[PDB]
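Right, one structure below, let's go through it.
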Amino acid sequence: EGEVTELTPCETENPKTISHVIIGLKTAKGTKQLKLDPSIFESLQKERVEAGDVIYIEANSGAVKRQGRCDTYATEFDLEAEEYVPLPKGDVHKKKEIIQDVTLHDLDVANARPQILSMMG
Amino acid sequence: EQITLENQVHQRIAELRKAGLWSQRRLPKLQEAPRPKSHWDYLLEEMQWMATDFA
Amino acid sequence: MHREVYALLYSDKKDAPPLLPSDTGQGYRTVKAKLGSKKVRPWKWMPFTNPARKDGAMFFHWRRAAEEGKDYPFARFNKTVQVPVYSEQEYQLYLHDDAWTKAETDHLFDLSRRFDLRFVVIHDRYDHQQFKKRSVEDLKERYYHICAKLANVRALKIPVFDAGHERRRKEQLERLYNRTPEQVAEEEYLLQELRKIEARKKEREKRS
Amino acid sequence: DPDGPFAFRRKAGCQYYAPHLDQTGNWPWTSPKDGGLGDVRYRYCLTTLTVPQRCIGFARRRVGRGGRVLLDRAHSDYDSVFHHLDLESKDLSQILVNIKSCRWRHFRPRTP
Amino acid sequence: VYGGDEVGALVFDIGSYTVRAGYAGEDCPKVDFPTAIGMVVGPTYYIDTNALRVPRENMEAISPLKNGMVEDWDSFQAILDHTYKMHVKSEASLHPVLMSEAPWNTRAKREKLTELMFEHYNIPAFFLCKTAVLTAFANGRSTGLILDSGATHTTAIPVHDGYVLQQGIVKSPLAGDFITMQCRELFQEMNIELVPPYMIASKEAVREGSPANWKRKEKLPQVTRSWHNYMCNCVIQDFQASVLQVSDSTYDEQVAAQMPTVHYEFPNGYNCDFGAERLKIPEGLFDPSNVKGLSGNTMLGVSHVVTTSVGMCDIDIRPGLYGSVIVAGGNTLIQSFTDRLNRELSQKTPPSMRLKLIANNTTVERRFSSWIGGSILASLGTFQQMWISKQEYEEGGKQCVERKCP
Amino acid sequence: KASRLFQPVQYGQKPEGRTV
Amino acid sequence: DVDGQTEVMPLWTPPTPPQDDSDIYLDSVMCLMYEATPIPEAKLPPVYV
Ligand SMILES: Nc1ncnc2c1ncn2[C@@H]1O[C@H](COP(=O)(O)OP(=O)(O)OP(=O)(O)O)[C@@H](O)[C@H]1O
Ligand SMILES: [Mg+2]
């Protein structure tokens, strides 16, 4: 996760062809460049990621998710709420552990009735 | 042997102390009369601070 | 590894540069309004009186216009070591010593006032050519004796000087310094041998 | 008797300073582990900044000539670990254990 | 109260090799021109590098300083005037001046220098500090043993609380001039013809040891022997800086021969490998008993000079002297000189006292240390009380320098 | 622009709103 | 620290002006051979005679 600073594709000759997509991510700790798979270009345009946008990318799927403009670009004169987010703290690359406590009955209720059929339910 | 070594080293230490060469029993230093810091002391402190700033 | 680092000028040639504070670091554009809202105070090249100087000479400073004519702050540092002053009569009455000439005592006190009682500097600057040769202990003894006598005559109490102890201390230090490398090696060998003997004794006592 | 040639004899109205025996003395601007006085004005300690939010390593606050407060920095072999250090592998584990036990003084800025 | 105040004072450090000058508060001297000046039979003086390096008929090379002290006051006035007009570009009466002086400067010479600075230059304030004190101040040390190896003398000066312990000064004649003489003797033994660069019109590359194929400049005017000797000394000093190296331990012929050679090319195109002879020359600074000059002489090695100087001081101050050893002077820049000195001192220092050499092994920190300390001292706000004002020189007279400047 | 209507204020002085 | 006590980072400022004679001088060279604290009277040997 970090603020996007560059989205430069890496052109190449095929053995315009791109072999990598370099994304530069900035956090309060520093900046990192990632040599992402070229296929991520579809998700970047789907999420409309632009320079100065805070994003996070999960290691497994490689799909990008956009979480708003960095608050360093927010002025006091423009009105938006969800589209601004503070610059991520910590290292650009993070390993997070999430521990959740559930009961077998919680799983039973969850799988018995998942949340137009939803509207009627 | 150990008793002889102990007696020998004790006599050697006593002889060195008689000579004064025993640094483990150095005499203390008489405390000079206390005085406040003078102009030159403050000048040297400022000198040290400025030299650090320069480097 | 080290917990903390200590150094005077800098710790090592590989030291990172110091961080200086500055605005505009994040770009001029973001701080444009802050810098533009204010105006700087005027600075002047102005003469300043230093009350620590007895002549009254006027040097020049870079200072704000509002600070003109203010007392020099560094003059507060100006304070000398308190050294008594005695008249010819007081010396003849109390400070007379067959071992010390009056002119010699006045020279010693002048050096003491010049060098803030730094008796090593006084000894280095002592005029051994004109007056008799004096050791630093003799200078300290004479100074402290005169100060005690003048205080007792005029007025509290001060600790007395012990010239003999200082002489013995310096003699012992010189003897410890002049010893050959073999003698100091023998001293350290005796230290380590005594430590190993005591260690064996302590081990035997612990076993018992 | 053996001490007698250089024996210590206290005198009334006198005070004395004990000699250094355990460790050889050193200048004030040197660590107490090296026999120095360890004067706190010369000490370099780990410091964290607000911008960037990264520990810069060992630093000491020093006022500059024009009153500008400067952060002097001391080189250390573990500088990369100190850069990664924030919010409190073998060397990293030992450093983390030492910091969590608060054996290292690590300053952080706060508003007054 | 605050940071040191800058009063626009000047700092002059006139050494036997180069005259260092600048403005107080700077971290480096703004000028350093050779102390040797050209003289034409007051006499016409050529002082800076631009004028010294061009041949002139009946122009002699002289120096105002002798044994670290100024002897010819006319050339001293000429050098000061040149410094002001060309480099300072400011009126002398507008800036206070702080000058360095040799630890062994005489009272009469100090009085004459003060009289000159006040009567002739009409300066507003003056101060005269010792080179050792300034060297100590540049390193933030108030006490320590200064070890200066310039061009004229190698001197160890013990400083305590910012005061030179004159009784502890030990001086040796082994310095840059001795090394220059040794290199001259080595070149003479090897039959290397020293051709100064001013005589060379053009040159062609030649193999090692091959005769020099160079063309002499035409229409060259007659030059005095002093100027030719000065140019030869300059090229020899360049050789000293580029080739010479101090052995890391006691000189051994086998160990010196095993180490790789260094190749040097003379101005006339002559080139050779100096083998082990490059190591023998700097050893004379440490073991003068082996020097071809006089084996039975009484000269003391740099480490012996160090140990002797400290040995003359109060033993209460010797821990401070050994705990802060400050090396200065251009002659100490010779490769591995600091390492060899540290090794020898650690071997000779008593184990009961800590020995520490300050890490200042750079050209700027070694040559200009006195100027750096002078700038620091002149920039202190607390030092503004120490200045000798013109009014003080008027009332107290020429003798006022004896009491104001310790 | 603010500078066209208002005096800038000297450092260390309280803004009051003096115009050109 | 672990006890909740707070320490402010030292700032190496230029020397402060003296308010009184409390700024007692310290010999930095003496402190190389002897401790900076006077020996307590409890461990000081008795007066000679
Ligand atoms: N890098 C170097 N390597 C070897 N020698 C050098 C180097 N730099 C300078 N020197 C020599 O240092 C010598 C002394 O120069 P320095 O600038 O220290 O003298 P100084 O302090 O002005 O004079 P002095 O002490 O003799 O009055 C000169 O003879 C010069 O050739
Ligand atoms: Mg020199």
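A short reminder: the numbers here are calculations on the coordinates, not readings from a lab. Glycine also receives a Cβ, built like all others from the backbone with ideal geometry; neighbour counts cover every protein chain displayed.
To the nearest 0.05, what FRET efficiency results for E:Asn191 and E:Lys109 with a Förster distance of 60 Å applied to their C-beta separation?
On the way: r = 44 Å, r/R0 = 0.73.
Computed FRET efficiency for E:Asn191 and E:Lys109: 0.85.
Got a sec? Charge dipole of the protein assembly as shown, +1 on Cβ for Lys and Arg, -1 for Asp and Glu; which of F:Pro8, E:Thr180, A:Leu107 is way out at the positive end?
The listed residue farthest towards the positive side: F:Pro8.
Could you tell me what % of all Cα pairs in the protein assembly as shown have separations over 45 Å? Can you show the working numbers first?
Details: 229871 of 470935 pairs.
Of all Cα-Cα pairs in the protein assembly as shown, 49 percent lie more than 45 Å apart.
On alpha-carbon atoms, Rg over Rh for region E:90-161 using Kirkwood Rh?
Details: Rg = 14.2 Å, Rh = 13.7 Å.
Here the Rg-to-Rh quotient is 1.04.
Run through region E:157-227 and list the GluC sites (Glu not before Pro) located in a DSSP loop whose Cβ has at most 15 other Cβ atoms within 10 Å.
Values: sites: E:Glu185, E:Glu189, E:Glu193, E:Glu204, E:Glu208, E:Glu218; in loops: E:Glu193, E:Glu204, E:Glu208, E:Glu218.
Within region E:157-227, the qualifying GluC sites (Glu not before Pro) (loop, at most 15 other Cβ atoms within 10 Å) are E:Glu193, E:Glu204, E:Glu208, E:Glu218.
List the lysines whose Cα sits under 24 Å from the Cα of A:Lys35, skipping any in the same chain fewer than 8 residues away.
Once the sequence-local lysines are set aside, what remains near A:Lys35 is A:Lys16, A:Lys26, A:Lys46, A:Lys65, A:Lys89, A:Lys94, A:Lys95, A:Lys96.
Can you compute the modelled spin-label distance between E:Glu208 and C:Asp127, with each label point 7 Å from Cα toward Cβ, in nm?
About 6.6 nm, to one decimal.
Using only helices, what value at 222 nm comes out for the protein assembly as shown when you add -39,500 (n - 2.57) per DSSP H run of length 4 or more and divide by the total residues, to the nearest 500 deg cm²/dmol? Please report the intermediate quantities before stating the final value.
Values: 29 runs with 299 residues, N = 971.
Rounded to the nearest 500, the figure is -9000 deg cm²/dmol.
Please get the size of the charge dipole for region C:1-157, origin at its Cα centre, with Cβ charges of +1 on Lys and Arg and -1 on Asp and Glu, quoted in debye to the nearest 20. Spell out each step's value before the answer.
On the way: 30 positive and 21 negative charges, 283 e Å.
The dipole of region C:1-157 has a size of about 1360 debye.
What size of dipole, in debye to the nearest 20, comes out for chain B about its Cα centre when the only charges are +1 on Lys and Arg C-beta atoms and -1 on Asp and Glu C-beta atoms? Mind dumping the intermediate values first?
Numbers: 8 positive and 8 negative charges, 86 e Å.
Using Cβ point charges on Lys, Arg, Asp and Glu, chain B gives about 420 debye.
What whole-number volume per residue, in cubic angstrom, does the convex hull of the C-alpha atoms of region A:61-121 give? Could the numbers behind the result be given before it?
Numbers: hull volume 13.5 nm³, N = 61.
Value for region A:61-121: 221 Å³ per residue.
In nm, what is the difference between 0.36 nm times the number of residues separating C:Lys149 and C:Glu67 and their Cα-Cα distance? Don't skip to the answer; put the middle values down first.
Working: separation 82, 0.36 × 82 = 29.52 nm, distance 4.77 nm.
Once the chain is fully extended between C:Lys149 and C:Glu67, it gains 24.7 nm.
Across every pair of different alpha-carbon atoms, what Kirkwood hydrodynamic radius in Å does region E:50-135 reach?
Details: mean 1/r = 0.0691 Å⁻¹.
Over region E:50-135, the inverse of the mean reciprocal pair distance is 14.5 Å.
When all C-alpha to C-alpha distances in region E:25-178 are sorted into bins of 10 Å, what percent of pairs does each bin hold, rounded to whole numbers?
Result, from short to long distances: 9, 33, 38, 17, 2, 0 percent.
Which loop chymotrypsin sites (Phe, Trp or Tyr not before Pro) in region C:12-88, with loop taken from DSSP, have no more than 14 other Cβ atoms within 10 angstrom of their Cβ? List each step's numbers first, then the result.
Details: sites: C:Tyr28, C:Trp43, C:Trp45, C:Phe48, C:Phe59, C:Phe60, C:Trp62, C:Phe74, C:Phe77, C:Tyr86; in loops: C:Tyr28, C:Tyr86.
Sparse-neighbourhood loop chymotrypsin sites (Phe, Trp or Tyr not before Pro): C:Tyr28.
State the extension gain, in nm to one decimal, for the chain segment bounded by A:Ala110 and A:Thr75, taking 0.36 nm per residue of separation less the distance between their alpha-carbons.
Details: separation 35, 0.36 × 35 = 12.60 nm, distance 4.30 nm.
Separation in residues times 0.36 nm, less the Cα-Cα distance, equals 8.3 nm.
Among D:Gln94, D:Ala12, D:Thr24, whose Cα lies farthest out toward the positive end of the dipole of chain D, if unit charges sit on the beta carbon of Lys, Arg (+1) and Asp, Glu (-1)?
Comparing the listed Cα positions along the dipole, D:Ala12 ranks first.
With charges set only on the Cβ (+1 for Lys and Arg, -1 for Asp and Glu), what does the dipole of the protein assembly as shown come to about its Cα centre, in debye to the nearest 20?
Working: 128 positive and 129 negative charges, 281 e Å.
For the protein assembly as shown, the charge dipole is close to 1340 debye.
If all Cα-Cα distances of chain B are sorted into 5 Å bins from 0 onward, what percent lands in each bin, rounded to whole numbers?
4, 14, 10, 9, 9, 7, 8, 9, 8, 8, 7, 6, 2
Report, by chain and number, residues whose modeled amide H sits under 5 Å from the one on G:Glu35, excluding near sequence neighbours (fewer than 5 apart, same chain).
D:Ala18, D:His20
Would you please give the residues with an amide H less than 5 Å from that of A:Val4, counting only those at least 5 places away or on a separate chain, with H modeled from the backbone geometry?
Here A:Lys26, A:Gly52, A:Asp53, A:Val54, A:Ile55 satisfy the definition.
Sticking with the crude label model, points 7 Å out along Cα→Cβ, report the distance from D:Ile99 to E:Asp74 in nm, one decimal please.
Inter-label distance under the simple model: 7.2 nm.
First check a/c for chain D, with a ≥ b ≥ c the square roots of the eigenvalues of its C-alpha gyration tensor; if it is under 1.5, answer rounded, and if not, answer prolate when a/b is larger than b/c or oblate otherwise. Intermediate values should be presented prior to the final figure.
Values: a/c = 3.45, a/b = 2.06, b/c = 1.67.
Note, shape of chain D comes out prolate.
Let a ≥ b ≥ c be the square roots of the eigenvalues of the Cα gyration tensor of chain E; is it rounded (a/c under 1.5), or, if not, prolate (a/b larger than b/c) or oblate?
It is oblate, given that a/c is not under 1.5 and a/b is not larger than b/c.
So, in nm, how far is label C:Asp55 from label E:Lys292 when the simple model puts each one 7 Å beyond its Cα toward the Cβ?
With each label point 7 Å from Cα toward Cβ, the separation is 5.5 nm.
Just for the Cα atoms in chain C, what are the lengths along the principal axes, largest first, rounded to whole Å?
Between the extreme Cα coordinates on each principal axis of chain C lie 78, 73, 38 Å.
A 29 angstrom limit on the alpha carbon distance is what I want to check against. Which of C:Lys102/E:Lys130; C:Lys201/D:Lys90; C:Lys54/E:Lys130; C:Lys44/E:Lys30; E:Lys203/E:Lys292 exceed it?
On the way: C:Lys102/E:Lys130 32 Å; C:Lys201/D:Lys90 40 Å; C:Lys54/E:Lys130 24 Å; C:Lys44/E:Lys30 25 Å; E:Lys203/E:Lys292 35 Å.
Violating the 29 Å Cα-Cα cut-off are C:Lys102/E:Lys130; C:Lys201/D:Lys90; E:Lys203/E:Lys292.
Taking θ = phi - 60°, what integer Hz values does the Karplus form 6.51 cos²θ - 1.76 cosθ + 1.60 yield along region E:371-380, in sequence order, with x for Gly and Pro?
Taking θ as phi minus 60°, the curve returns 5, 4, x, x, 5, 4, 4, 5, 8, 6 Hz for region E:371-380.
Would you kindly derive the ³J(HN,Hα) couplings of region E:55-64 from the backbone phi angles with the Karplus curve 6.51 cos²θ - 1.76 cosθ + 1.60 (θ = phi - 60°), listing them in order in whole Hz, with x for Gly and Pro?
Once rounded to whole Hz, the list reads x, 9, 6, 6, 10, 9, 9, 9, 10, x.
Which of E:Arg354, F:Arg18 comes first, and how do the rest follow, when ranked by fewest Cβ neighbours within 10 Å?
On the way: E:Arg354 19, F:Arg18 9.
Placing the least packed residue first, the sequence is F:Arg18, E:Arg354.
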